[PDB]
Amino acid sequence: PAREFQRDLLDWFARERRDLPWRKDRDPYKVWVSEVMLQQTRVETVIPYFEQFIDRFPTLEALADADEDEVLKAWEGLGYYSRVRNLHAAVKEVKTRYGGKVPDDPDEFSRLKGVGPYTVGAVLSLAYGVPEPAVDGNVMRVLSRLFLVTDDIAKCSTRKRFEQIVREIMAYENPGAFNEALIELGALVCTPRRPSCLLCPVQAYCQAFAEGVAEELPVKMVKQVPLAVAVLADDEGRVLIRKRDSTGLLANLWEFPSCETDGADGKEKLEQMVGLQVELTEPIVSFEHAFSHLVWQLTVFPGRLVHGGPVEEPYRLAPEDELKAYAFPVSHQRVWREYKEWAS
């Protein structure tokens, strides 16, 4: 009863659609940026970042031409920073390989880094009208309730199944609208907790509602790392920072020099990291920072740095008022915050 389903869904969407910043138009760049920003991030969090980011990088080409530090700094605080290194690389490739036009073919677009099955669907359906499914966590919830699908959401195959369902029931007349409506339904009505079934526009089609199980769907299924962090100031009040490797945790972000210590075993593995001259006094605060897959237990040790050689490697001597220029992870932003109200 897909034509039935479509009308009721599409009609609700026309009345209820939020005026989000990225819905001002269907510019593929604009759509693409927002969809990358919205991955594992709440709409409310994204709104300010999207605006500053577009203000700063108005077009695809502006973004491609920007320094990566510039781009990381625009992302600073959003999390999952490889989203933006991927977006940046991908956007560079569209400029050069595709004349600056986001490819409207699913296979070509999917090949860009950071661009996966969901992003292909979202961007190409919204921006160009391509009939590809755009199945996110939202959509998976909706479809898992509509169709009483009890496969584990984490399984790669479950997503494939959902996409089949979309290809079957999608309004091919208007795929962007259909895809966006499915998403908005998940965002506003068919919510993780307490879905608003009595108000849902597609309730008559929904099995979970008829079975009394809306809330139990979809079905679905961390290590500790101790860290010592050094804040080292000149007599000129210039602070020692460093850029992280381009691979792995918090890639390419700047940090106050640190190392994993495994147990509260000293400030010496800190004082060790030489290659220039430092004595370290007693630590001033200790807090912890959660990631998705680990927790940092941080201890920050204030210190005095003397120059006895050049500054190379990934380290860099930044004066105090220039720290605000670099992208720091939130954890290391707090390290600095504590260090400063300390020195009061």
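Counting begins at 1, following the sequence as shown.
According to the entry, the deposited sequence has 4 to 9 residues without coordinates between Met221 and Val222.
The deposited sequence places no unmodelled residues between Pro310 and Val311, so the chain runs continuously there. Across the two stretches, 90 to 98 and 149 to 157, the PDB entry reports the greater mean Cα temperature factor for 149 to 157. Look at the C-alpha B-factors of 330 to 338 and of 20 to 28. On average they run higher in 330 to 338.
Comparing C-alpha B-factors across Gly79, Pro103, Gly176, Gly237 in the deposited entry, the largest value falls on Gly237. Between the residues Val202, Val130, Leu185, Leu270, the entry's highest C-alpha temperature factor is the one at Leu270. Split the chain's modelled residues into thirds by C-alpha temperature factor. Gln207 is in the middle one.
In this PDB entry, the Cα temperature factor of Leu227 sits in the top third of its chain's modelled residues, the highest group.
When the modelled residues of the chain are ordered by C-alpha B-factor, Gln40 sits in the lowest third. In the PDB entry, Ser34 places in the lowest third of its chain by CA B-factor. In this PDB entry, the Cα temperature factor of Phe291 sits in the middle third of its chain's modelled residues.
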